[PDB]
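Participant: Structure here, sequence nowhere to be found:
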Ligand SMILES: O=C(O)[C@H](O)c1cccc(Cl)c1
């Protein structure tokens, strides 16, 4: 399948070169997979989600996304226009309040929730969790992400936005999950992207168009935007049968575009997520 006039990041993940604007992908499109978006919520009523999104858990007075961040990330995973995996099922877990803030204890509870809740969902092709959040190093936060991964969920986490080594942030620094840095449309490391040995992969993160609350759209930047590209890619590849939740991060690294990004510090992987789709 070909989506013309796609957001640059979608075009990038199906291309061997920057500077194109059509997204190419297998029509299976993540059907039969599920992606949890652990964030500020999801505006599931947005037409872009086509009934495939739902809130399953909140720790606050509402499950609605009063911020936009979680809706944007969910749109990059799986919206019809802005999403990588256009037929996946999206499940929202609201661990962040409407200002985008949340306590680590709530975030940990949300990760353990997903590890159990997947047993209440139909995801025959596999389960992914996208965590566009983080803070300072916490062994307990890292352990929660490790448990979620161990339980059979492909965990993708944002590297962080401090232009610093991600070893000092969580869950970014957990070795067993997929830690995602950000790139721009010219294949440069995004100016804010964290780096370091703990990164596994880069995805599009600067000037990413996606869904927003109020049935709207907007372009924003962050490792929060790169992470759902990788989460959606994992769901797509699992539906194709090319990989599994346990192996998807390594498979994405194996099959990435290699050596194409600029301003990658010595010792950080130079790997850009790529679907290897041959139309
Ligand atoms: O840069 C920040 O805001 C935080 O350090 C951070 C760390 C890890 C992941 C995210 Cl999305 C944010």
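Facilitator: Nice, thanks for sending it over. Numbering: from 1, shown residues only.

Participant: Spell out the secondary structure type for residue 141.
Facilitator: helix (DSSP: H, G, I helix; E, B strand; the rest coil).

Participant: May I have the beta-bridge partners of the residue lying closest to it once chain neighbours are set aside?
Facilitator: Excluding the flanking residues, the one nearest residue 141 by Cβ to Cβ, 6 or more residues apart in numbering is residue 170, at 4.0 Å. Where you see a C-beta, it was placed from the backbone N, CA and C, and this is true even at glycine. Judged by DSSP bridges, the bridge partners of residue 170 are residue 135.

Participant: got the contact list for residue 170?
Facilitator: 134-139, 141-142, 145 (Cβ atoms under 8 Å, 6 or more residues apart in numbering).

Participant: so which of these are also by the ligand?
Facilitator: 134-135 (Cβ under 6 Å from any ligand atom).

Participant: Please pick the buried ones from the contacts of residue 170.
Facilitator: Buried members of the contacts of residue 170, scored by 16 or more other Cβ atoms under 10 Å, are 134-135, 138, 141-142, 145.

Participant: Next up, phi/psi of whichever residue of the stretch 1-150 of the chain sits closest to the ligand, please.
Facilitator: Nearest residue of the stretch 1-150 of the chain to the ligand: residue 134, at 2.4 Å (Cβ to the nearest ligand atom). When quoted as degrees, to the nearest 10, the phi and psi of residue 134 stand at phi 170, psi 180.

Participant: Next, the residue nearest to residue 1 when sequence neighbours are not counted: phi, psi?
Facilitator: Nearest residue to residue 1, sequence neighbours excluded (Cβ to Cβ, 6+ apart): residue 27, at 4.7 Å. As for residue 27, its main-chain torsions (degrees, to the nearest 10) stand at phi -60, psi -20.
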